[PDB]
Ligand SMILES: *[C@@H]1O[C@H](CO)[C@@H](O[C@@H]2O[C@H](CO)[C@@H](O)[C@H](O)[C@H]2NC(C)=O)[C@H](O)[C@H]1NC(C)=O
Ligand SMILES: *[C@@H]1O[C@H](CO)[C@@H](O[C@@H]2O[C@H](CO)[C@@H](O)[C@H](O)[C@H]2NC(C)=O)[C@H](O)[C@H]1NC(C)=O
Ligand SMILES: *[C@@H]1O[C@H](CO)[C@@H](O[C@@H]2O[C@H](CO)[C@@H](O)[C@H](O)[C@H]2NC(C)=O)[C@H](O)[C@H]1NC(C)=O
Ligand SMILES: *[C@@H]1O[C@H](CO)[C@@H](O[C@@H]2O[C@H](CO)[C@@H](O)[C@H](O)[C@H]2NC(C)=O)[C@H](O)[C@H]1NC(C)=O
Ligand SMILES: *[C@@H]1O[C@H](CO)[C@@H](O[C@@H]2O[C@H](CO)[C@@H](O)[C@H](O)[C@H]2NC(C)=O)[C@H](O)[C@H]1NC(C)=O
Ligand SMILES: *[C@@H]1O[C@H](CO)[C@@H](O)[C@H](O)[C@H]1NC(C)=O
């Protein structure tokens, strides 16, 4: 009966909040002060949380799921009843964890040695990522691109084939058709009177939104190709694809390292307020106190006053071994801490606004039950953090926060320099993200057999992304598995939808703050009505369907690409005038070796 | 490490009458199945403990409460405020209260 499930969850909601607390408090003491008497302090305290949750999970199947009427207590029950693994045979369950540990340690400890000196050998993160991000030598970028895929990616090919079979068995025992349908279960919504969403409906909404970005991406692809021919003459065709090893990093995920070759007006400095911070003696604490004044300006609460003692805003005065990585912690019981090692720079002035945005999202849904204290889907949590960073990087906000000469002149040449640096990171990553999840979805359902994995991968690079390989690759390579998110078992569609939600939030908040100009000049400071539009979504958590959360801000029930294109229309107008003598589009027949 | 000595009751058959008190420790029975003094599904111990810890956000830290309740049965009198004493004088026509 349904009233027994309510009494089940309230014993759960008070044993979990304490056991999650000290399992996360011990993870704080390891992260900010590393010993090994802290790693053993967090492994036993971490396993008491994991052993407790599988005990309550096997108690949750005593209650049926379709004999429930209240939507909230049904949502908590389905998130706890989830079997996930453990549906496999107990010798297949240990084979899967052996593969996931072997693929993870090949990626982090794989070395590449030089053919002129076999005694010097580079790892990926120090040394191989620096070549792909800084070099202008064609022959050295071609060496680092091919040798990472032929010496490390060939080890992951027999391991990734066994990984697909075991993950499809686990997904079909949980009544999905494949493992790709298991990943799309985040966006599913069942029976809330007009707000429903199918797991197959996500596939059409991604492909419908993508064919409206292809006019903008084609003009960006044509402008970068014309600028790369001056940097690498006799290597690039003026009507063809771009070679895969000249894109700024190892995989071509972000084009953000191509800015020094593709800058529109290099005689205008892109605005940088780092010298005005060290001329006014701003400490470590000023960067957060101006960040807290931004959020109280819009109508959001202060920091919790436990935030100021418990947090560790710099690396300590001790030479203290403590993972230095910006992050926002939500230990529980209303205890919010930020861990970062901040330097006096406009870079960490902006990520301070980003990391505080995770805190203000966390402080808002802290009145829901324990199992609904996440973002409404996997994409909302990063998207609310980046609309705080866009509004703080504007020169309108910088001159009113005291950091820009009240006699500063923004010209139309510097807005093109700023918008093109945004499009190399935002627009340049959208066909990469769409192509990769489309390839992984077709591998799991079996539309691509294993004798055509690397054949269909490079046909989709030339057609969707416009990127050609420099050396042909047969079915002994596995080039997707040489990325971190593929070999470490992570979903990748959250980076596509976060980019679309980010400009839907920003365009909906700037109509409430009564903006008049272009969308990229907007700032939501001093408003109250925009914050009330934002706070009505922030407090929902997972208690409502995410389509119901979007109408509280945007006014629509689906993700939309038209606010993303309105941000880049000053660039799209300027790009169509720079490509009057160029060719827009590419040919899938040209190759850098096929002459 | 958590002060686990401060408990509260989280299951009862029926809400309390005003100023009523209940220190029993019988195993609660949520479902219809009888409990027979042992724990299990739908048979819960009725007391939980605040695990208080010094690094808790406000609203999670312990507050001490005192409830004063003045009652007036039908006696002849009892405790009350304190009476003040105004300075004294004399030899002058005055308005007095003794
Ligand atoms: C890292 O934290 C641990 C524990 O928080 C520190 O180790 C001991 O902590 C106790 C407190 O319970 C002290 O009485 C001991 O003196 C600490 N050990 C030592 C060797 O000092 C540890 O000190 C912290 N790390 C550093 C570098 O201070
Ligand atoms: C079941 O649904 C009802 C409404 O559909 C929820 O009722 C609300 O409960 C809160 C506190 O529990 C009250 O403050 C509200 O006034 C109630 N609303 C109404 C309309 O009466 C109820 O909370 C849900 N059950 C659970 C366990 O959350
Ligand atoms: C979870 O996996 C189990 C198999 O281990 C599935 O079958 C359940 O088996 C248990 C006994 O171990 C029964 O109590 C359940 O009734 C069975 N399933 C149900 C509730 O029909 C079970 O179907 C899986 N649960 C999910 C999430 O589908
Ligand atoms: C920035 O604004 C100036 C001012 O309008 C633009 O200069 C004009 O450019 C057009 C097209 O080349 C000419 O027909 C006008 O005669 C120019 N104006 C003047 C006063 O000379 C300039 O092109 C703009 N730059 C960008 C990048 O948009
Ligand atoms: C936006 O908010 C800021 C912060 O309160 C306002 O800045 C104040 O501006 C006045 C006059 O411009 C100064 O006298 C104050 O010293 C400023 N306050 C601070 C804390 O620096 C700003 O005026 C607001 N914008 C509008 C349009 O009202
Ligand atoms: C936030 O804190 C400041 C001082 O730190 C205070 O003046 C302000 O009133 C606080 N905000 C609210 C809503 O009380």
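For each of A:297, A:482, A:89, count neighbouring Cβ atoms within 10 Å of the residue's Cβ, then give the residues from fewest to most.
On the way: A:297 15, A:482 23, A:89 9.
Result, fewest neighbours first: A:89, A:297, A:482.
Per the Kirkwood definition applied to all pairs of different Cα atoms, how many angstroms is the hydrodynamic radius of the stretch A:118-182?
Numbers: mean 1/r = 0.0683 Å⁻¹.
One decimal place: 14.6 Å for the Kirkwood radius.
In nanometres, what is the gap between the two model label sites at residue A:347 and residue A:93, each 7 Å from Cα along Cα-to-Cβ?
For residue A:347 paired with residue A:93, the spin-label model returns 4.4 nm.
Give, in nm to one decimal, the length gained when the segment between residue B:26 and residue B:92 is fully stretched (0.36 nm per residue of separation minus the Cα-Cα distance).
Working: separation 66, 0.36 × 66 = 23.76 nm, distance 7.46 nm.
Working it through step by step, the gained length comes to 16.3 nm.
Evaluated at 25 °C with a viscosity of 0.890 mPa s, what Stokes-Einstein diffusion coefficient in µm²/s does the stretch A:180-231 have when Rh comes from the Kirkwood expression over alpha-carbon pairs? Mind dumping the intermediate values first?
Numbers: Rh = 13.9 Å.
For the chosen part, D equals 176 µm²/s.
Each label point is 7 Å from the Cα along the Cα-to-Cβ direction; what then is the distance between the points at residue A:139 and residue A:275, in nm?
4.0
Could you compute how fast the stretch A:16-142 diffuses translationally, taking Rh as the Kirkwood radius over C-alpha pairs and applying Stokes-Einstein at 4 °C with viscosity 1.567 mPa s? Give it in µm² per second. Numbers along the way, then the final one.
Details: Rh = 19.7 Å.
Once the numbers are plugged in, D ends up at 66 µm²/s.
State the antiparallel share, in %, of DSSP beta bridges confined to the protein assembly as shown, rounding to the nearest 5. Let's see the in-between values first.
Numbers: 15 of 20 bridges.
DSSP beta bridges in the protein assembly as shown are roughly 75 percent antiparallel.
Could you check the spin-label model distance between residue B:19 and residue A:488? Points 7 Å from the Cα along Cα→Cβ, value in nm.
So the two model labels end up 6.4 nm from each other.
Could you calculate the contour length gain from residue A:267 to residue A:154, that is, 0.36 nm times the residue separation minus the distance between their Cα atoms, to one decimal place in nm? Write down the numbers at each step before the final one.
Numbers: separation 113, 0.36 × 113 = 40.68 nm, distance 4.55 nm.
Answer, rounded to one decimal: 36.1 nm.
Pop the C-beta distance of residue A:125 and residue B:12 into the FRET formula with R0 = 45 Å and round what comes out to the nearest 0.05.
On the way: r = 58 Å, r/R0 = 1.29.
After rounding, the FRET efficiency stands at 0.20.
Please list, by residue number, everything in the stretch B:43-73 whose backbone N is under 13 Å from a paramagnetic label point 7 Å out along Cα→Cβ of residue B:5.
B:52
Say a paramagnetic label sat at a point 7 Å from the Cα of residue A:584, along Cα to Cβ; which residues of the stretch A:186-214 have their backbone N under 18 Å from it?
A:210-214
Starting from the alpha-carbon convex hull of chain A, give the projected area averaged over all orientations, in nm².
Details: hull surface 118.4 nm².
Seen from a random direction, the Cα hull of chain A projects 29.6 nm² on average.
Rule-of-thumb check for the stretch A:282-358: C-alpha Rg over 2.2 N^0.38 Å?
On the way: Rg = 12.3 Å, N = 77, 2.2 N^0.38 = 11.5 Å.
For the stretch A:282-358, the normalised Cα radius of gyration is 1.08.
Per 5 Å bin, what percent of the C-alpha pairs of the stretch A:436-595 does each bin hold, from zero upward?
Calculated P(r), rounded to whole percents: 1, 7, 11, 13, 13, 12, 12, 12, 9, 6, 3, 1, 0.
Please find, in a Gaussian network model of chain B (springs between Cα atoms separated by less than 10 Å), the residue of B:76, B:34, B:18 whose mean-square fluctuation is greatest.
Highest fluctuation among the options: B:76.
Which ordering of A:21, B:6 is given by a fewest-first count of other beta-carbon atoms within 10 Å?
B:6, A:21
As a test of the definition: which semi-axes, in Å, follow for the stretch A:318-413 when you take the square root of five times each eigenvalue of its alpha carbon gyration tensor? Largest first, please. Can you show the working numbers first?
Details: eigenvalues 185, 75, 24 Å².
Equivalent-ellipsoid dimensions as semi-axes: 30, 19, 11 Å.
Arranged by the count of other C-beta atoms within 10 angstrom, fewest first, what order do A:355, A:140, A:125 take?
Details: A:355 22, A:140 13, A:125 9.
So the ranking, lowest neighbour count to highest, is A:125, A:140, A:355.
At a Förster distance of 45 Å, what's the computed FRET efficiency of residue A:569 paired with residue A:36, Cβ-Cβ distance as r, to 0.05? Walk me through the numbers before you get to the answer.
Details: r = 55 Å, r/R0 = 1.23.
Approximately 0.20, to the nearest 0.05.
May I ask you to work out the translational diffusion coefficient for the stretch A:399-466 at 4 °C, viscosity 1.567 mPa s, via Stokes-Einstein with Rh from the Kirkwood sum over Cα pairs, reported in whole µm²/s? Present the calculation step by step, with values, prior to reporting the outcome.
Values: Rh = 15.5 Å.
Roughly 84 µm²/s, to the nearest whole number.
Could you quote the convex hull projected area for the stretch A:229-275, Cα atoms only and averaged over all directions, in nm²?
Details: hull surface 19.4 nm².
One quarter of the hull surface, i.e. the mean projection, equals 4.8 nm².
Between residue A:58 and residue A:309, what's the calculated FRET efficiency when r is the beta-carbon distance and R0 is 56 Å? Round to 0.05. Show your work: numbers first, answer last.
Working: r = 41 Å, r/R0 = 0.73.
E between residue A:58 and residue A:309, to the nearest 0.05, is 0.85.
Counting neighbours? That spans all protein chains shown, and the Cβs are built from the backbone with ideal geometry, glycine included. A short reminder: the numbers here are calculations on the coordinates, not readings from a lab.
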